[PDB]
Amino acid sequence: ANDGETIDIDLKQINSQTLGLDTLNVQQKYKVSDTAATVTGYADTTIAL
Amino acid sequence: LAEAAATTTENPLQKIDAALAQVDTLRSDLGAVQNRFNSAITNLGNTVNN
């Protein structure tokens, strides 16, 4: 009941980002491979005939 | 006319306490004088009767 006599509570900002857990990744890169593909047909164009 | 402060007050309850101290001092004095008045009334009655 006087000026200044207080109890102080202290906090932190806590979430995945603040803990840096967003940087956790357990995956391992696959051995990529590719194969040919087919392209077909003619598309129309805004150019007028 | 008094200003409006641009910052929050500090140690305000101490100022409030000092204010209350002033108030009660004045109250006490104003109460006390009534004793003089009462005793004067008593002495006046005795004097008039005698």
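Residues numbered from 1 in each chain as written, not as in the entry; some residues may be left out. Chains lettered and ligands numbered in written order. Part of a larger assembly, values for the part shown. Heavy atoms only, no water.

This part covers the overall build of chain A. Along chain A, the regular secondary structure elements total 1 helix and 0 strands. If you line up chain A on its principal axes, its C-alpha atoms span 90 × 40 × 10 Å. By the burial criterion, 2% of the 49 residues in chain A qualify as buried. When the accessible surface of chain A is summed, it comes to about 5,900 Å², and 54% of that surface belongs to carbon and sulfur atoms. (Helix = DSSP H or I, 4+ residues; strand = E, 2+ residues; numbered from the N terminus. Buried < 20%, exposed > 50% of the residue type's maximum accessible area, 1.4 Å probe, protein only. Areas by Shrake-Rupley, 256 points an atom, 1.4 Å probe, with all protein chains shown as cover.)

Moving on, we get to the side chain of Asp-3 of chain A. Within the secondary structure layout, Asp-3 of chain A lies in the segment before α1 (16-19). This buried residue, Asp-3 of chain A, is left without a salt bridge; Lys-15 of chain B holds the nearest opposite charge, at 6.7 Å. Here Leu-13 of chain B takes part through its backbone nitrogen, which lies 2.5 Å from a polar atom of the side chain of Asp-3 of chain A. In terms of polar contacts, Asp-3 of chain A uses its side chain to reach the backbone amide nitrogen of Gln-14 of chain B, at 2.6 Å. Not counting residues within four places of it along the chain, the set of residues in contact with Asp-3 of chain A comprises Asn-11, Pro-12, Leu-13 and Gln-14 of chain B. (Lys, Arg positive; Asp, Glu negative; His and termini not counted. Salt bridge = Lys/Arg side-chain N within 4 Å of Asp/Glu carboxyl O. Polar contact = N/O pair within 3.5 Å; in protein donor to acceptor, adjacent residues only side chain to side chain. Contact = heavy atoms within 4.5 Å.)

Residue and element names in this part refer to chain A. On the surface, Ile-14, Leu-19, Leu-21, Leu-24 and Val-26 cluster together into a nonpolar patch covering about 540 Å² of accessible area. Note that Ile-14 resides in the segment before α1. The exposed category is assigned to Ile-14, whose relative accessible area is 58%. (Patch = residues over 30% accessible without salt bridge, like charges linked within 9 Å, V, L, I, M, F, W, Y side chains within 5 Å.)

The next thing to look at is the environment of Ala-48 of chain A. Residues and elements named next belong to chain A. Looking at where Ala-48 falls in the secondary structure, it is placed in the segment after α1. Residue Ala-48 is classed as exposed on the basis of its relative accessible area, which comes to 69%. In sequence terms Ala-48 and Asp-34 are 14 residues apart; their C-alpha atoms lie 38 Å from each other.

This paragraph deals with unusual backbone geometry. With a phi angle near 50°, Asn-11 of chain B is a residue other than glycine that sits in the positive phi range. Structurally, the position occupied by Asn-11 of chain B is in the segment before α1 (12-49).

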